[PDB]
Structure formats: C-alpha cells, structure tokens
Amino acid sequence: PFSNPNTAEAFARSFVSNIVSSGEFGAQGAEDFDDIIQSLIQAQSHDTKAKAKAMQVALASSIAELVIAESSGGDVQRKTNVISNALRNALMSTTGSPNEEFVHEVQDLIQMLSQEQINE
C-alpha cells in the first residue's frame, strides 16, 4: 500500500477514520495518530528496496509507540486489538488485501516497546 503516494494518502485517511469510529480514543488521541501517520506518509516521498523497508518499519514503529504512549499499561491489549482491527480494515478497504506482515510488525513492535525505558 505504500507503493503509490495516493494509495498511502487514502490508507491514512481510512485508518484515522477507523480510529475515530472505535470510541477508544478521544479527540487528541485520533489527532496524535493523524499527525504522526500524515508526517511519515509525506516523508516516504531514487528509491532503493533498503529505504522502502526502513520507511515501512518507521511507520509500523510510530503506530506501535502511540498505542503504548496513549495506553495506561493494563489497557494495552484492548488498544492493540482496536488498532489491529482499524489497520486490517483500512488496508482491506484501500488495497483489497489485509497486509498481515505489516500488522504482525506493529503487534511485535507494541510487545517489544511495552518493555523499553522510554515507556517505563
């Protein structure tokens, strides 16, 4: 989905809409996701495979870190399931595919970052 800058723009709009609709995040939380995803999508703009991988991981890691920073510890599993659902749905509606690898990366990153000193 991060092939086309227009597909990327369309995925971002759809993901943030899925976050707003969940009822799990307030005004500021949905805005946090929007500011961060919009920034990284815009940055993702000659390409190498290595650079594409770095940008895909930067986006996955930014989403994972927001889940932790928005959560209060005990609700990380609930917010992980809500963000996983929002992601799967936006990918499926914008691409016809659920991009399970991208979702796996975000889930793995959420679990690793729940233990980093930046989040202690």
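We number the residues from 1 along the sequence you see.
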Between residues given as residue 45 and residue 46, how many of the deposited sequence are not built: none, 1 to 3, 4 to 9, or 10 or more?
4 to 9
Test of understanding: from the entry's C-alpha B-factors, which stretch has the higher mean, 64-72 or 78-86?
78-86
Going by the entry, of stretches 11-19 and 92-100 the one with greater average Cα B-factor is 92-100
Can you tell me whether residue 56 has a C-alpha B-factor in the lowest, middle or highest third compared with the other modelled residues of the same chain?
lowest
Thinking about Cα B factors across the chain, which third does residue 41 belong to?
highest
Looking at the C-alpha B-factor of residue 30, is it in the lowest, middle or highest third of its chain?
middle
